[PDB]
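Colleague: I'd like to ask some things about the structure below.
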Protein chains: 2
Amino acid sequence: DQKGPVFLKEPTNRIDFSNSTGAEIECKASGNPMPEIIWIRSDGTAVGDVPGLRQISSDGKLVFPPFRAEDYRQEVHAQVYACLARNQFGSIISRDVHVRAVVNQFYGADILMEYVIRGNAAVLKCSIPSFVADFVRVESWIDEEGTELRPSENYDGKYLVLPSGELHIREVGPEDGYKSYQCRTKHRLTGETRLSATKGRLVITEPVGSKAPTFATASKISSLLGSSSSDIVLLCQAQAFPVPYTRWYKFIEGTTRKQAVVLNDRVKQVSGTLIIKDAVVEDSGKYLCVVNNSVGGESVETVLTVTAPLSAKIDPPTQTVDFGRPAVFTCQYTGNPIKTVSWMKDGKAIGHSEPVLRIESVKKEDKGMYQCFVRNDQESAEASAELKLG
Amino acid sequence: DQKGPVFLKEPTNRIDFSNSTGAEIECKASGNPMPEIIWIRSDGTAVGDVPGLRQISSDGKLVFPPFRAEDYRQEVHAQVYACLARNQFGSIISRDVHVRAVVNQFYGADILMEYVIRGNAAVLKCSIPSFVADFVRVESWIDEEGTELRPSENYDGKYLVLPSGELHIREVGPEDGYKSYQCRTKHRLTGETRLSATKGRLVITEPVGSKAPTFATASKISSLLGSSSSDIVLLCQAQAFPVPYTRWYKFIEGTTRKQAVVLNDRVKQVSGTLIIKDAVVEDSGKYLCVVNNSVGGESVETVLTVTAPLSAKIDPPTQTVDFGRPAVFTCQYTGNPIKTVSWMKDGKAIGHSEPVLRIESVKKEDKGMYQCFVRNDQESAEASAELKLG
Ligand SMILES: *[C@@H]1O[C@H](CO)[C@@H](O[C@@H]2O[C@H](CO)[C@@H](O[C@@H]3O[C@H](CO[C@H]4O[C@H](CO)[C@@H](O)[C@H](O)[C@@H]4O)[C@@H](O)[C@H](O[C@H]4O[C@H](CO)[C@@H](O)[C@H](O)[C@@H]4O)[C@@H]3O)[C@H](O)[C@H]2NC(C)=O)[C@H](O)[C@H]1NC(C)=O
Ligand SMILES: *[C@@H]1O[C@H](CO)[C@@H](O[C@@H]2O[C@H](CO)[C@@H](O[C@@H]3O[C@H](CO[C@H]4O[C@H](CO)[C@@H](O)[C@H](O)[C@@H]4O)[C@@H](O)[C@H](O[C@H]4O[C@H](CO)[C@@H](O)[C@H](O)[C@@H]4O)[C@@H]3O)[C@H](O)[C@H]2NC(C)=O)[C@H](O)[C@H]1NC(C)=O
Ligand SMILES: *[C@@H]1O[C@H](CO)[C@@H](O[C@@H]2O[C@H](CO)[C@@H](O[C@@H]3O[C@H](CO[C@H]4O[C@H](CO)[C@@H](O)[C@H](O)[C@@H]4O)[C@@H](O)[C@H](O[C@H]4O[C@H](CO)[C@@H](O)[C@H](O)[C@@H]4O)[C@@H]3O)[C@H](O)[C@H]2NC(C)=O)[C@H](O)[C@H]1NC(C)=O
Ligand SMILES: *[C@@H]1O[C@H](CO)[C@@H](O[C@@H]2O[C@H](CO)[C@@H](O[C@@H]3O[C@H](CO)[C@@H](O)[C@H](O)[C@@H]3O)[C@H](O)[C@H]2NC(C)=O)[C@H](O)[C@H]1NC(C)=O
């Protein structure tokens with residue numbers, strides 16, 4: 001009984017931790033005999049062991065012990081890694097691992113106050129530096145009365161914290177001018193929380209005369225995105241008079257035409273704003289916010305991409321073909337979107353972009369492991385297969 | 001010598017004025033006999049006199065005298081008008097005249113604090129409510145020190161103001177975090193000037209460790225509009241460490257292919273910000289802002305549409321065709337963009353949308369005026385033509 005190696009435990013394609021947190025990653029594979037594990041930089045070069053920063057356990061595991069703020073080296077803490085299992089029969093490398101370590105430092109948050117018409121919906125977002133935006137999210141909003149607000153179901157009450165962390169207020173009025181809100185932020189890696197410094201207030205203006213609807217950007221296009229099985233937000237910010245009614249439509253694929261969105265238990269609209277409770281890849285497409293009014297109307301396009309995890313499967317996982325015959329391999333994948341598709345043999349980065357691999361004629365040199373690679377900007381996945389000779 | 005009606009002086013499409021200013025619009029026409037001029041709603045009814053708010057001068061001129069806010073009336077000041085010149089042979093309308101009177105009313109502004117890392121450029125936008133965006137723009141920027149700044153030519157040195165009104169700063173450092181800036185907004189109709197209450201200041205983050213590039217939006221697409229001969233701003237908000245090199249590209253029309261942008265005296269790139277002086281229709285197209293560095297890169301694409309003044313020409317201006325013979329009118333227009341091209345006869349909407357219309361068989365009933373209507377989401381224009389029977 002003998003066969004090549006196969007990846008069982010693959011490190012997460014993206015890993016985030018602080019300097020004080022440290023990290024451990026383990027790629028675990030099985031094969032007969034036991035394959036040897038190695039780590040490599042994105043360019044394929046074998047990793048060196050760096051004292052105090054990056055070191056191989058030799059157990060098939062790798063670690064980044066905690067380190068001083070000054071001990072940070074880019075080539076280590078910010079890099080794309082991967083795991084390589086190899087033996088007599090062949091070799092395979094694990095899906096790309098993004099290692100990102102953030103040395104702990106304090107940040108700040110500001111809230112831009114938005115002028116709003118009486119009766120129209122209003123929203124206050126907590127502005128954050130784009131660089132740490134990955135690692136931090138808004139935990140809650142707190143009123144000057146001391147009461148705090150958190151995201152949830154039940155979109156009633158006029159006060160709701162959306163999944164984006166943006167505080168939404170429907171049907172505003174002068175009564176809402178007194179109170180002022182500030183947002184709480186929670187850093188994922190640290191777990192520490194910080195409350196907004198600047199106190200966001202909402203200034204309402206009593207409209208005089210009729211005025212057509214207006215968007216706060218004037219750009220007719222935006223590109224949204226989101227993970228499947230999560231609350232999604234398609235926002236429309238338009239202040240206008242008198243008191244617009246809003247309608248959202250979905251374009252049919254590659255069509256100038258469109259059909260109206262179905263408002264139901266799952267898909268909900270809050271006064272300007274669509275929400276998808278649990279998203280699926282089918283919801284992806286071009287969206288349109290149509291906001292009308294007595295005087296006139298205005299429109300905004302929104303591009304939505306629903307993300308799904310990537311996973312690959314090669315078929316058959318193994319086979320044996322006689323000399324002078326066609327070899328066949330079929331890569332079956334799941335997840336969306338998908339941009340890159342490629343192949344390789346014991347590494348070597350061979351092939352082209354097709355879901356299928358074929359060798360017109362078997363040859364002695366074609367034995368060993370084969371691997372299918374599919375991935376997008378944000379993710380990656382792989383599957384392994386062996387080829388015996390007959 | 002008999003002639004059909006023709007326009008000499010035609011009103012401008014867009015007319016905005018303050019309640020305290022008041023305005024007068026004029027329509028002039030020619031042809032023998034001299035046409036009968038009538039001011040009418042977009043809807044075909046004769047405009048009647050209203051006391052003090054709206055008055056028709058005996059010379060064929062419409063006027064809207066000043067008034068107090070309490071005397072504001074929607075059906076007059078918010079109404080869309082048109083001029084109808086008429087003769088025995090037929091009649092023609094003018095370009096759509098949008099009358100909008102703004103009852104003098106207050107606005108405000110707030111400056112979001114721009115979070116930045118050392119060495120990277122900074123951009124302070126003066127935020128303005130969506131409704132007054134068209135009536136208000138930023139004239140100048142005043143610092144904490146009280147020094148004043150304007151959107152001068154010679155893009156160089158540290159501080160710069162862009163034509164779009166954003167305050168730009170390069171090579172930011174801790175020394176520049178102490179200062180606090182205030183924009184200056186000027187209402188175009190009244191000429192009133194407001195100095196922002198909120199004082200924008202920059203939070204400077206000492207770089208610690210390497211950080212992949214990040215955009216302040218996370219949107220991959222915007223869309224910008226600007227007139228020809230005016231300076232346009234394509235801007236990249238990406239923050240990255242080590243300080244990234246940025247480059248702009250322009251997609252080929254309808255292709256995934258791309259080409260680099262030509263830099264010159266006219267087109268000058270400031271940091272991540274691309275500027276196009278004296279824009280022309282040829283500049284319209286999709287653009288791509290690319291930002292890279294030792295860690296990686298990220299990009300966003302921007303759709304640009306350059307407007308051009310709409311003007312229409314009909315050929316032949318006049319003709320005569322016998323019964324049974326075909327009639328032909330070619331409307332050749334100017335400007336950009338182009339949404340619809342329509343046709344009317346004697347002030348009646350008919351037919352289809354084409355640059356050309358032909359009557360396969362002429363009839364006595366086809367005697368009359370024909371006009372070509374071109375439009376976009378912003379502007380409109382008209383052209384007139386005579387048709388006589390042989
Ligand atoms: C709520 O608010 C919305 C948005 O303001 C309003 O919907 C808009 O209404 C306008 C006016 O009808 C629409 O503009 C129209 O677009 C049509 C579609 O364009 C196609 O065809 C042209 C060629 O003609 C192509 O260039 C283009 O790429 C498209 O393929 C045009 O055909 C229309 O022209 C017609 O209208 C006039 C009458 O006004 C006729 O006289 C012309 O001859 C011609 O038949 C027109 O330009 C706009 O597209 C609408 N929005 C959207 C998103 O589609 C609602 O009306 C409003 N509802 C209220 C107030 O109740
Ligand atoms: C269009 O609508 C607007 C309001 O929506 C009107 O604007 C108001 O006009 C009235 C006069 O008709 C103003 O009332 C007086 O204002 C004086 C101060 O003026 C300052 O503000 C203007 C801008 O508004 C500046 O340009 C100017 O330089 C000044 O800084 C006060 O001194 C007056 O007080 C005196 O008069 C009142 C009676 O009116 C007495 O009772 C007092 O005791 C005192 O003696 C007075 O308050 C008003 O300020 C204007 N407000 C705004 C917001 O504009 C326009 O007049 C209207 N257009 C018309 C009618 O054509
Ligand atoms: C500066 O930084 C920018 C990022 O802002 C870089 O720009 C992007 O670079 C990435 C690569 O890092 C490019 O992504 C590549 O796209 C190729 C083209 O995609 C087409 O083909 C796929 C099918 O595979 C279609 O789905 C798609 O619609 C396109 O039609 C892909 O083919 C590439 O995948 C390949 O790369 C790997 C190696 O990493 C191979 O092993 C694979 O087998 C495959 O051959 C890749 O994913 C992206 O297109 C770039 N965008 C732009 C706008 O440039 C710059 O490259 C960077 N500049 C410098 C100098 O560093
Ligand atoms: C990860 O990097 C951060 C940033 O350099 C380190 O944060 C700082 O670590 C020091 C360690 O002594 C903390 O000590 C503090 O010193 C200041 C005076 O400078 C004093 O006012 C405090 O009361 C405290 O004694 C400091 O608070 C801390 N700063 C932060 C977290 O913002 C961190 O130490 C690094 N991780 C490890 C494991 O070293």
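Residues are named by chain letter and number: chains run A, B, ... in the order of the structure tokens, numbers start at 1 in each chain, and ligands are numbered from 1 in the order shown.
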Can you work out which residues from chain B touch chain A at a cut-off of 7 Å (counting only C-alpha atoms) and hand them back as a list in words?
Modeller: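 Applying the cut-off to the listed atoms yields residues 74, 103, 110, 111, 112, 113, 115, 129, 130, 131, 208, 209, 210, 214, 215, 216, 219, 220, 221, 222, 223, 224 and 239 of chain B.
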Colleague: Residue 348 of chain B: which residues within 10 Å, counting only C-alpha atoms, same-chain residues fewer than 6 positions away excluded, as a list in words?
Modeller: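 My list of contacting residues is residues 44, 91, 92, 93, 370 and 371 of chain B.
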Colleague: Selection from above, N, CA, C and O atoms, as an mmCIF file, in the first residue's frame, can you write it?
Modeller:
```cif
data_model
loop_
_atom_site.group_PDB
_atom_site.id
_atom_site.type_symbol
_atom_site.label_atom_id
_atom_site.label_comp_id
_atom_site.auth_asym_id
_atom_site.auth_seq_id
_atom_site.Cartn_x
_atom_site.Cartn_y
_atom_site.Cartn_z
ATOM 1 N N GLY B 44 -49.240 72.679 -22.536
ATOM 2 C CA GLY B 44 -49.437 73.619 -23.631
ATOM 3 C C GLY B 44 -50.259 74.869 -23.351
ATOM 4 O O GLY B 44 -50.613 75.593 -24.283
ATOM 5 N N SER B 91 -46.314 76.451 -35.869
ATOM 6 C CA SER B 91 -45.827 76.936 -34.585
ATOM 7 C C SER B 91 -44.645 76.109 -34.111
ATOM 8 O O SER B 91 -44.438 74.984 -34.565
ATOM 9 N N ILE B 92 -43.870 76.674 -33.194
ATOM 10 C CA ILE B 92 -42.730 75.973 -32.622
ATOM 11 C C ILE B 92 -42.506 76.393 -31.177
ATOM 12 O O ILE B 92 -42.784 77.530 -30.797
ATOM 13 N N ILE B 93 -42.005 75.460 -30.375
ATOM 14 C CA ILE B 93 -41.698 75.728 -28.981
ATOM 15 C C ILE B 93 -40.207 76.040 -28.889
ATOM 16 O O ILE B 93 -39.482 75.905 -29.874
ATOM 17 N N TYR B 370 -41.756 71.840 -38.769
ATOM 18 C CA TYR B 370 -41.161 70.650 -38.170
ATOM 19 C C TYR B 370 -39.918 71.052 -37.391
ATOM 20 O O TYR B 370 -39.118 71.854 -37.870
ATOM 21 N N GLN B 371 -39.763 70.499 -36.192
ATOM 22 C CA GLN B 371 -38.637 70.848 -35.335
ATOM 23 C C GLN B 371 -37.975 69.623 -34.715
ATOM 24 O O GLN B 371 -38.631 68.621 -34.427
#
```
Colleague: Please identify the residues whose atoms come within 8 Å of ligand 3, using only C-alpha atoms and all ligand atoms, and report them as an mmCIF file with N, CA and C atoms, in the first residue's frame.
Modeller:
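Generated file (result_15.cif):
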```cif
data_model
loop_
_atom_site.group_PDB
_atom_site.id
_atom_site.type_symbol
_atom_site.label_atom_id
_atom_site.label_comp_id
_atom_site.auth_asym_id
_atom_site.auth_seq_id
_atom_site.Cartn_x
_atom_site.Cartn_y
_atom_site.Cartn_z
ATOM 1 N N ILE A 338 -15.083 33.941 -9.212
ATOM 2 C CA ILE A 338 -13.885 33.207 -9.585
ATOM 3 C C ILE A 338 -13.233 33.907 -10.764
ATOM 4 N N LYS A 339 -11.969 34.271 -10.588
ATOM 5 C CA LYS A 339 -11.207 34.947 -11.626
ATOM 6 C C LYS A 339 -10.151 34.011 -12.191
ATOM 7 N N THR A 340 -9.157 33.686 -11.372
ATOM 8 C CA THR A 340 -8.050 32.856 -11.822
ATOM 9 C C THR A 340 -8.397 31.381 -11.740
ATOM 10 N N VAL A 341 -8.003 30.644 -12.771
ATOM 11 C CA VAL A 341 -8.064 29.194 -12.750
ATOM 12 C C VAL A 341 -6.796 28.682 -13.408
ATOM 13 N N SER A 342 -6.101 27.775 -12.733
ATOM 14 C CA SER A 342 -4.847 27.259 -13.256
ATOM 15 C C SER A 342 -4.521 25.884 -12.699
ATOM 16 N N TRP A 343 -3.398 25.345 -13.156
ATOM 17 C CA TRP A 343 -2.958 24.013 -12.779
ATOM 18 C C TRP A 343 -1.477 24.027 -12.455
ATOM 19 N N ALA A 349 4.149 25.195 -11.799
ATOM 20 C CA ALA A 349 3.259 26.201 -12.380
ATOM 21 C C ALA A 349 3.006 25.956 -13.870
ATOM 22 N N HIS A 352 -2.607 25.858 -18.244
ATOM 23 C CA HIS A 352 -3.349 26.991 -18.777
ATOM 24 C C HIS A 352 -4.562 27.193 -17.882
ATOM 25 N N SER A 353 -5.489 28.062 -18.278
ATOM 26 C CA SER A 353 -6.716 28.213 -17.508
ATOM 27 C C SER A 353 -7.852 27.459 -18.181
ATOM 28 N N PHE A 373 -5.885 24.916 -9.071
ATOM 29 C CA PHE A 373 -5.895 26.190 -8.359
ATOM 30 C C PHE A 373 -6.945 27.149 -8.896
ATOM 31 N N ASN A 376 -9.785 34.077 -6.111
ATOM 32 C CA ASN A 376 -10.109 35.460 -6.409
ATOM 33 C C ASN A 376 -9.131 36.360 -5.670
ATOM 34 N N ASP A 377 -9.360 37.664 -5.744
ATOM 35 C CA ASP A 377 -8.518 38.635 -5.059
ATOM 36 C C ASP A 377 -8.399 38.335 -3.564
ATOM 37 N N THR B 256 -11.563 45.634 -22.258
ATOM 38 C CA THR B 256 -10.874 45.379 -21.000
ATOM 39 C C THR B 256 -9.430 45.868 -21.089
ATOM 40 N N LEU B 288 -8.697 54.583 -14.629
ATOM 41 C CA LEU B 288 -8.275 53.631 -13.614
ATOM 42 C C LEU B 288 -7.134 54.187 -12.767
ATOM 43 N N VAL B 290 -4.364 53.406 -10.183
ATOM 44 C CA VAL B 290 -3.588 52.267 -9.706
ATOM 45 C C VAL B 290 -2.585 52.721 -8.654
ATOM 46 N N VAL B 291 -2.549 51.996 -7.539
ATOM 47 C CA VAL B 291 -1.673 52.321 -6.418
ATOM 48 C C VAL B 291 -0.951 51.066 -5.949
ATOM 49 N N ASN B 292 0.378 51.129 -5.915
ATOM 50 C CA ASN B 292 1.191 49.985 -5.518
ATOM 51 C C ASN B 292 2.235 50.336 -4.474
ATOM 52 N N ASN B 293 2.920 49.302 -3.999
ATOM 53 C CA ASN B 293 4.020 49.430 -3.052
ATOM 54 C C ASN B 293 4.568 48.040 -2.758
ATOM 55 N N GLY B 296 1.948 45.348 -1.847
ATOM 56 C CA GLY B 296 0.933 44.994 -2.821
ATOM 57 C C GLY B 296 0.340 46.212 -3.499
ATOM 58 N N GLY B 297 -0.870 46.055 -4.026
ATOM 59 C CA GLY B 297 -1.541 47.134 -4.724
ATOM 60 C C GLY B 297 -3.047 46.973 -4.740
ATOM 61 N N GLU B 298 -3.744 48.083 -4.967
ATOM 62 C CA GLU B 298 -5.194 48.076 -5.100
ATOM 63 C C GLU B 298 -5.611 49.220 -6.015
ATOM 64 N N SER B 299 -6.710 49.033 -6.739
ATOM 65 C CA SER B 299 -7.139 50.001 -7.739
ATOM 66 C C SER B 299 -8.638 50.249 -7.705
ATOM 67 N N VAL B 300 -9.024 51.417 -8.204
ATOM 68 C CA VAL B 300 -10.421 51.764 -8.395
ATOM 69 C C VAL B 300 -10.558 52.448 -9.745
#
```
Colleague: Which neighbours of segment 181-184 of chain B fall inside 10 Å, counting only C-alpha atoms, when residues of the same chain fewer than 2 positions from it are skipped, and could you give them as a compact mmCIF listing (two decimals) with N, CA and C atoms, in the first residue's frame?
Modeller:
```txt
# COMPACT_ATOMS: atom_id res chain seq x y z
N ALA B 109 -22.13 73.70 6.89
CA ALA B 109 -21.08 72.80 6.44
C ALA B 109 -20.34 72.22 7.63
N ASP B 110 -19.78 71.03 7.43
CA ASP B 110 -18.98 70.36 8.44
C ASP B 110 -17.78 69.72 7.77
N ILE B 111 -16.65 69.71 8.47
CA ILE B 111 -15.41 69.17 7.92
C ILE B 111 -14.98 67.93 8.68
N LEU B 124 -8.87 67.39 2.20
CA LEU B 124 -9.98 67.82 3.03
C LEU B 124 -11.15 68.27 2.17
N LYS B 125 -12.22 67.49 2.20
CA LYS B 125 -13.45 67.85 1.49
C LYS B 125 -14.31 68.70 2.41
N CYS B 126 -14.90 69.76 1.87
CA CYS B 126 -15.86 70.54 2.62
C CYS B 126 -17.23 69.97 2.32
N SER B 127 -17.82 69.30 3.30
CA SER B 127 -19.07 68.59 3.07
C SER B 127 -20.22 69.57 3.03
N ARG B 137 -20.73 76.46 -3.68
CA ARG B 137 -19.43 75.84 -3.87
C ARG B 137 -18.41 76.52 -2.97
N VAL B 138 -17.26 75.89 -2.79
CA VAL B 138 -16.23 76.42 -1.91
C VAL B 138 -15.37 77.43 -2.65
N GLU B 139 -15.39 78.67 -2.18
CA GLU B 139 -14.60 79.74 -2.78
C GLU B 139 -13.15 79.73 -2.31
N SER B 140 -12.95 79.51 -1.02
CA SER B 140 -11.62 79.64 -0.42
C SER B 140 -11.47 78.83 0.86
N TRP B 141 -10.22 78.62 1.26
CA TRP B 141 -9.88 77.91 2.49
C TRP B 141 -9.08 78.81 3.42
N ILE B 142 -9.53 78.94 4.66
CA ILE B 142 -8.85 79.75 5.66
C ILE B 142 -8.33 78.87 6.79
N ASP B 143 -7.06 79.04 7.12
CA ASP B 143 -6.40 78.20 8.11
C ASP B 143 -6.64 78.73 9.53
N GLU B 144 -6.14 78.01 10.53
CA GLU B 144 -6.21 78.45 11.91
C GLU B 144 -5.45 79.76 12.08
N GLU B 145 -4.36 79.88 11.33
CA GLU B 145 -3.51 81.06 11.39
C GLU B 145 -4.22 82.27 10.77
N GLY B 146 -5.28 82.00 10.02
CA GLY B 146 -6.06 83.05 9.39
C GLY B 146 -5.64 83.30 7.96
N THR B 147 -4.58 82.64 7.52
CA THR B 147 -4.12 82.79 6.14
C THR B 147 -5.16 82.19 5.20
N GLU B 148 -5.23 82.73 3.99
CA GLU B 148 -6.28 82.37 3.04
C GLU B 148 -5.69 81.70 1.80
N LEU B 149 -6.45 80.80 1.20
CA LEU B 149 -5.98 80.01 0.07
C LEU B 149 -7.02 79.98 -1.05
N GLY B 165 -12.86 72.02 -5.33
CA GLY B 165 -12.99 72.63 -4.02
C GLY B 165 -12.30 71.91 -2.88
N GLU B 166 -11.78 70.72 -3.13
CA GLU B 166 -11.07 69.97 -2.09
C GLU B 166 -9.71 70.59 -1.79
N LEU B 167 -9.37 70.64 -0.51
CA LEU B 167 -8.07 71.14 -0.07
C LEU B 167 -7.06 70.01 -0.06
N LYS B 179 -2.10 72.43 12.79
CA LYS B 179 -2.95 73.40 12.11
C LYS B 179 -4.37 72.88 11.95
N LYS B 186 -19.65 80.07 -0.68
CA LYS B 186 -20.31 81.25 -1.22
C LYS B 186 -21.52 80.87 -2.05
N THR B 193 -21.63 84.77 1.89
CA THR B 193 -20.45 83.97 2.21
C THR B 193 -20.54 83.43 3.63
N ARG B 194 -20.36 82.12 3.77
CA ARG B 194 -20.31 81.48 5.09
C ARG B 194 -18.93 80.89 5.32
N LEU B 195 -18.43 81.05 6.54
CA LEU B 195 -17.18 80.43 6.94
C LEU B 195 -17.49 79.27 7.88
N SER B 196 -17.04 78.08 7.51
CA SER B 196 -17.38 76.85 8.23
C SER B 196 -17.07 76.95 9.72
N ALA B 197 -18.04 76.56 10.53
CA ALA B 197 -17.89 76.57 11.98
C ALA B 197 -16.91 75.49 12.41
N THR B 198 -17.05 74.31 11.81
CA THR B 198 -16.20 73.18 12.14
C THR B 198 -14.79 73.39 11.60
N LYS B 199 -13.80 73.07 12.42
CA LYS B 199 -12.40 73.23 12.03
C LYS B 199 -11.76 71.86 11.78
N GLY B 200 -11.49 71.58 10.51
CA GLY B 200 -10.87 70.32 10.14
C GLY B 200 -9.40 70.29 10.51
N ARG B 201 -8.97 69.19 11.11
CA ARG B 201 -7.56 68.98 11.44
C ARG B 201 -7.18 67.54 11.10
N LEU B 202 -5.89 67.31 10.89
CA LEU B 202 -5.42 66.00 10.47
C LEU B 202 -4.83 65.21 11.63
```
Colleague: Extract the full set of strand (DSSP E) residues from segment 190-275 of chain A according to DSSP on the backbone, and format it as number ranges by chain.
Modeller: A: 193-195, 200-201, 204-205, 214-215, 221-223, 226-227, 232-234, 238-239, 245-251, 258-260, 268-270, 273-275
Colleague: Go ahead and dump the residues you just picked, C-alpha atoms, as an mmCIF file, in the first residue's frame.
Modeller:
```cif
data_model
loop_
_atom_site.group_PDB
_atom_site.id
_atom_site.type_symbol
_atom_site.label_atom_id
_atom_site.label_comp_id
_atom_site.auth_asym_id
_atom_site.auth_seq_id
_atom_site.Cartn_x
_atom_site.Cartn_y
_atom_site.Cartn_z
ATOM 1 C CA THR A 193 -12.895 49.027 22.738
ATOM 2 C CA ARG A 194 -12.809 52.776 22.123
ATOM 3 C CA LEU A 195 -15.655 55.274 22.061
ATOM 4 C CA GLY A 200 -22.070 63.266 16.220
ATOM 5 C CA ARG A 201 -25.124 65.519 16.232
ATOM 6 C CA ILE A 204 -32.459 69.409 10.992
ATOM 7 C CA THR A 205 -33.562 72.167 8.631
ATOM 8 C CA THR A 214 -30.795 65.216 -4.472
ATOM 9 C CA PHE A 215 -28.060 62.668 -3.761
ATOM 10 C CA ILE A 221 -22.430 54.560 -9.567
ATOM 11 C CA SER A 222 -21.096 52.637 -6.572
ATOM 12 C CA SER A 223 -19.677 49.140 -6.063
ATOM 13 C CA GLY A 226 -20.414 41.323 0.936
ATOM 14 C CA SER A 227 -20.126 37.798 2.278
ATOM 15 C CA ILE A 232 -26.199 43.195 3.737
ATOM 16 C CA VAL A 233 -26.974 46.890 3.283
ATOM 17 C CA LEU A 234 -27.776 48.775 0.089
ATOM 18 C CA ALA A 238 -31.089 61.353 -0.600
ATOM 19 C CA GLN A 239 -32.522 64.384 1.162
ATOM 20 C CA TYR A 245 -40.908 57.586 -1.588
ATOM 21 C CA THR A 246 -38.163 55.200 -2.670
ATOM 22 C CA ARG A 247 -38.195 52.200 -5.004
ATOM 23 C CA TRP A 248 -35.399 49.701 -5.642
ATOM 24 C CA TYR A 249 -35.085 47.620 -8.813
ATOM 25 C CA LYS A 250 -32.779 44.816 -9.963
ATOM 26 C CA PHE A 251 -31.387 44.643 -13.494
ATOM 27 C CA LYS A 258 -35.052 45.650 -14.807
ATOM 28 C CA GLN A 259 -37.612 44.188 -12.413
ATOM 29 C CA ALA A 260 -38.677 45.509 -9.022
ATOM 30 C CA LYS A 268 -36.556 44.416 3.836
ATOM 31 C CA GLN A 269 -36.527 48.115 3.006
ATOM 32 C CA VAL A 270 -35.986 50.774 5.671
ATOM 33 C CA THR A 273 -32.722 51.283 2.285
ATOM 34 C CA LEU A 274 -32.699 47.621 1.244
ATOM 35 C CA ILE A 275 -31.461 44.883 3.561
#
```
Colleague: Could you pull out all residues of segment 35-85 of chain B with a DSSP call of alpha helix (DSSP H) and give them as a list in words?
Modeller: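 Output for segment 35-85 of chain B, alpha helix (DSSP H) only: residues 74, 75, 76 and 77 of chain B.
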Colleague: How about saving the chosen residues, N, CA, C and O atoms kept, as a compact mmCIF listing (two decimals), in the first residue's frame?
Modeller:
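Output file selection.txt follows:
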```txt
# COMPACT_ATOMS: atom_id res chain seq x y z
N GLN B 74 -45.50 77.50 -5.62
CA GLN B 74 -44.86 76.43 -6.37
C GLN B 74 -45.22 76.47 -7.85
O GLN B 74 -44.35 76.31 -8.72
N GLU B 75 -46.50 76.68 -8.14
CA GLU B 75 -47.02 76.58 -9.50
C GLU B 75 -46.43 77.63 -10.43
O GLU B 75 -46.60 77.56 -11.65
N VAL B 76 -45.74 78.61 -9.85
CA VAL B 76 -45.11 79.68 -10.61
C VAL B 76 -43.60 79.50 -10.66
O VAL B 76 -43.01 79.31 -11.72
N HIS B 77 -42.98 79.57 -9.48
CA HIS B 77 -41.52 79.65 -9.38
C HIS B 77 -40.82 78.31 -9.57
O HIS B 77 -39.66 78.27 -9.98
```
Colleague: Using only C-alpha atoms, which of the listed residues (A:311, A:30, A:12, A:332) sits closest to residue 381 of chain A?
Modeller: A:311
Colleague: Which value, in Å to one decimal, gives the distance between atom CA of residue 328 of chain B and atom CA of residue 390 of chain B?
Modeller: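 Separating atom CA of residue 328 of chain B from atom CA of residue 390 of chain B is a distance of 14.6 Å.
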Colleague: Just how far from atom CA of residue 160 of chain B is atom CA of residue 175 of chain B, in Å to one decimal?
Modeller: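 Computed distance, atom CA of residue 175 of chain B to atom CA of residue 160 of chain B, equals 17.0 Å.
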